[PDB]
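*Asks:* Numbering (the authors' numbering), first residue to last: 1 to 214.
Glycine residues also receive a C-beta, built at the ideal position from the N, C-alpha and C atoms.
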Ligand SMILES: [Cl-]
Ligand SMILES: [Cl-]
Ligand SMILES: [Cl-]
Ligand SMILES: [Mg+2]
Ligand SMILES: [Mg+2]
Ligand code: NA
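1. In this structure, how does DSSP classify residue 109 when only helix, strand and coil are distinguished?
2. So residue 59 is in the alpha helix (DSSP H); what residue range does that whole segment cover?
3. How would you label residue 174, buried or exposed, when you count the other beta carbons within 10 angstroms and need 16 or more for buried?
4. Can you determine whether any heavy atom of ligand 4 sits closer than 7 Å to the C-beta of residue 84, and answer yes or no?
5. With a CB to CB cut of under 7 Å and the five nearest residues on each side skipped, what residues in its chain are close to residue 143?
6. Between residue 145 and the rest of its own chain, which residues show a CB-CB distance below 8 Å, the 5 nearest in sequence each way excluded?
7. Can you round the beta-carbon distance between residue 4 and residue 103 to whole angstroms, since I take them to be within the 8 Å contact cut?
8. Taking only the alpha-carbon atoms, compute the straight-line gap between residue 186 and residue 200 and give it to the nearest angstrom.
9. Over the uninterrupted beta strand (DSSP E) stretch that includes residue 122, give me the two end residues.
10. Measuring only from the beta carbon, is residue 78 closer than 7 Å to any heavy atom that is part of ligand 2?
11. I need the boundaries of the alpha helix (DSSP H) containing residue 137, first residue and last residue.
12. Apart from the five residues on each side of it in sequence, which residues of its chain come closer than 6 Å, Cβ to Cβ, to residue 80?
13. Might you give, ordered along the chain, the residues of its own chain that have their beta carbon closer than 8 Å to the beta carbon of residue 21, omitting 5 neighbours on each side?
14. So if DSSP puts residue 223 in a beta bridge, which residue, or which two residues, is it bridged to?
15. Taking 7 Å as the cut-off, does the CB of residue 25 come closer than this to any heavy atom belonging to ligand 7?
16. Going by Cα to Cα distance, which pick from 130, 147, 129 and 123 is closest to residue 137?
17. Where does the unbroken beta strand (DSSP E) through residue 192 begin, and where does it stop?
18. Using DSSP bridges, identify the partner residues of residue 145.
19. Taking the straight line between their C-alpha atoms, what separation do you get for residue 50 and residue 70?
20. Quick one: measure Cβ to Cβ for residue 17 and residue 61, integer angstroms, because I've assumed they're closer than 8 Å.
Following this line, the structure appears as structure tokens:
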């Protein structure tokens, strides 16, 4: 099975990745992982990608697509692949089509913005050790303090509410046309598309995916 799995930053689409990998015998692949790998390999695309990154420049859609095409030709994608978080824009989806990269299912892992925010801004960390807590889901033993040292917990700059909300605003303005793109592709019979309710318990989402995919 060839699957694209999309989802807003913080929604938790990753919670279903291992289920999909084990159901079908397929690797999880991502443009981030591809960039890091091809550089190691010394292949020509990797060298081109390394040059671009070393210059602090943007990886063009042309190069990303060539890396995707190369990645899915590798032996471990024989049964399919779980393409995580890509495409991100209609131009990238069109470049997939120009290159001949169709998939069987596009899954939109959907969690309302307010629930994403509530999840992230409740996080607490003991930064010297990377130990993590959450006011609502994994609270510490003494309020606001690290269990092990007793030092007062903090929050990551990455997790500030204004920063989370800005990231979601940007995500939806980019992704809304892409969702419509794949819905239309499904209407044409070129793929299947499903909006997945990520707010349910993990075990229920898993059951729902089993019905969506078969
Ligand atoms: Cl996430
Ligand atoms: Cl990968
Ligand atoms: Cl303790
Ligand atoms: Mg890999
Ligand atoms: Mg939406
Ligand atoms: Na093809």
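*Replies:* Taking the structure as given:
1. strand
2. Taken as a continuous stretch (DSSP letters only), residue 59 belongs to no alpha helix (DSSP H), as it is neither H nor E.
3. Classification of residue 174: exposed, given that the 10 Å Cβ count is below 16.
4. No, ligand 4 has no heavy atom inside 7 Å of this Cβ.
5. none
6. 151, 152 and 153
7. 5 Å
8. Roughly 25 Å between the two C-alpha positions.
9. Segment: none, residue 122 is in no beta strand (DSSP E) and carries neither H nor E.
10. no
11. Segment: none, residue 137 is in no alpha helix (DSSP H) and carries neither H nor E.
12. 1, 2, 24 and 26
13. 27, 28 and 82
14. The chain is shown only over 1 to 214; residue 223 falls outside these bounds and no answer can be derived.
15. Here the bound small molecules are ligand 1, ligand 2, ligand 3, ligand 4, ligand 5 and ligand 6; ligand 7 is not part of this structure.
16. 123
17. 192-197
18. 152
19. 16 Å
20. Between residue 61 and residue 17 the Cβ distance is about 24 Å, and since that is not below 8 Å, they are no contact.
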